[PDB]
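The structure under discussion appears below in the form of structure tokens.
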Ligand SMILES: O=C(O)c1ccc(Nc2nccc(Nc3ccccc3-c3ccccc3)n2)cc1
């Protein structure tokens, strides 16, 4: 990746956007006619929240990761006014929207998503990138309907003692992160359990009307299963959600889970 870019190299298409501060557009590189996505950040209000470092941590990390289940960052550039991210384009949109449409996923689609998820996380963790942000909004779908992890901004190098003032809900964060303690790869396995629950139920297991009561339910790990959640699903989710990070299973055990292997296409 020697080549450096400019807006004049791209034709801007449909807004996919309003993208976590400023939007994501379909775009086509003029010479190759290569279709991709452009994330656009005005840079004044990225500066004003002092995220300028966290953004280039996202850029650096997501740059060196090559996995079929991880969204590519090809490069980036800037002019005086703002900063641009050149990203792999995921044609089928966000998992979040698919979940709004179906309202919940069956066991086969869910198990497949989890499998793809664990695979990408195995890869991330081998490099000791831990995502820590995993949620349906950060998940994209490729042309074959395969899951793709995006938005690595909050991702870190393990272990982390990090301060990192918290934003998005509390819903996907485990007790060790919300209580401000040391944490490791096991963070992502908790998020995986939260995600698996949400996929099948249509709602995250600790969901509540206030930030403060969500904190409570996460700390005390209080969640209940609707009747239609099968025994094998409950088992995997119950294993994933454990106050003690060390009681959480390895991604390998997840991939070898009888409920996973039964319903997974993969
Ligand atoms: O709605 C559609 O038609 C649609 C079709 C194809 C898409 N595919 C796509 N491809 C690459 C990046 C990207 N970003 C986002 C765009 C909109 C909303 C959220 C994100 C995002 C997701 C994860 C992390 C960061 C940003 N979206 C996206 C939407």
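In order, the residues displayed for chain A correspond to 124-389 in Swiss-Prot numbering, which applies throughout.
Header lists the method as X-ray crystallography, 2.5 Å.
Keep in mind that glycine also has a Cβ here, set from the backbone N, Cα and C atoms.
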Where does Swiss-Prot put phosphoserine, among 155, 284, 342, 369? 342
Would you mind telling me which one of 288, 384 Swiss-Prot calls phosphothreonine? 288
Which candidate in 258, 326 appears in Swiss-Prot with the annotation SUMO2 cross-link? 258
Quick tally, other C-beta within 10 angstroms, 211, 256, 260; top of the recorded positions is 256
Greatest inter-residue Cα distance in Å for the ATP-binding set 143, 162, 211, 212, 213, 260, 261, 274: 17
Where residue 258 (SUMO2 cross-link) and residue 211 (ATP binding site) are concerned, what is their Cα separation in Å, rounded? 19
